[PDB]
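Single-structure report; data block below.
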Amino acid sequence: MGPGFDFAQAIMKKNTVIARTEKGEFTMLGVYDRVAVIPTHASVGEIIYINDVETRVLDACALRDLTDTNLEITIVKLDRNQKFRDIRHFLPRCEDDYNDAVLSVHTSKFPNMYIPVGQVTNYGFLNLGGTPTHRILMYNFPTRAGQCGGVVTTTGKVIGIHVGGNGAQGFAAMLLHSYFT
Numbered sequence: 000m001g002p003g004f005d006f007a008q009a010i011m012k013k014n015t016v017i018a019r020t021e022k023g024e025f026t027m028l029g030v031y032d033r034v035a036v037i038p039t040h041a042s043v044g045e046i047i048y049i050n051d052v053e054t055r056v057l058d059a060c061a062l063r064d065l066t067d068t069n070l071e072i073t074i075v076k077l078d079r080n081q082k083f084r085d086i087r088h089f090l091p092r093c094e095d096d097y098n099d100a101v102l103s104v105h106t107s108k109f110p111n112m113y114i115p116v117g118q119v120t121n122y123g124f125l126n127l128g129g130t131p132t133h134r135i136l137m138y139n140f141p142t143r144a145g146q147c148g149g150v151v152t153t154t155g156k157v158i159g160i161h162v163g164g165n166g167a168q169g170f171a172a173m174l175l176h177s178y179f180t
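PDB author numbering numbers the first residue of the sequence shown as 0 and each following residue consecutively.
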């Protein structure tokens with residue numbers, strides 16, 4: 000509809016796959032080379048399905064901050080014959096608040112879905128499904144099951160991936176440039 004949706008669509012069309020684990024179907028953001036991210040609660044194993052194709056996982060790292068607190072991001076290196084467009088230059092360097100964000104989802108359940116979630120707060124600490132979690136972003140949108148792994152963007156930045164909600168608010172894990180140096 001406008002330049003928020005334009006940037007969101009450009010990321011979705013080139014930098015997303017559908018990932019399936021034993022815990023469900025997720026939007027999966029490709030960041031560079033064969034490296035992608037998914038919420039830690041997906042429980043990535045040795046094998047993952049990528050666009051319904053059996054794929055070996057070459058490496059998987061569940062990120063935690065230096066206080067040993069969950070960040071809810073798993074970095075996955077996929078045994079794929081093709082690289083992602085390098086989008087590391089769209090990642091923020093620091094924790095921040097944002098205006099005018101879009102949440103974009105692509106799954107068998109929600110194809111080509113784009114949600115204008117609006118203002119995004121640096122929320123920080125969240126007890127997510129019982130698990131103390133840091134670097135959470137919050138938006139005042141009633142996000143539903145099937146949105147996990149959804150990409151959060153502003154015009155020109157890729158700022159996080161959707162990891163849950165409480166029926167009134169949605170929560171994303173921050174993406175930072177330093178995760179992918």
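Positions of the beta carbon are idealized from the N, C-alpha and C atoms, including for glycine.
- Per DSSP, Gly164 is one residue of the beta strand (DSSP E) stretching across 156–164.
- Every unbroken stretch of the beta strand (DSSP E) spanning 3 or more residues and falling wholly within the stretch 71–158 is given here in chain order: 97–104, 112–127, 130–138, 150–153.
- The three-state reading of DSSP puts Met11 in helix, counting H, G and I together.
- Under the 10 Å beta carbon count, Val52 is surrounded by fewer than 16 other beta carbons and is classified as exposed.
- The beta carbon of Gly155 lies closer than 8 Å to those of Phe6, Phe89 in the same chain, with the five residues before and after it left out.
- In this structure, the CA atom of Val56 is about 16 Å from the CA atom of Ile72.
- Here the alpha carbon of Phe109 sits roughly 26 Å from the alpha carbon of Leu175.
- In the displayed model, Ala167 falls within coil according to three-state DSSP, outside both helix and strand.
- Within the same chain, Cβ atoms closer than 8 Å to the Cβ of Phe124 are found at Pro131, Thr132, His133, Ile135, the five residues on either side in sequence being excluded.
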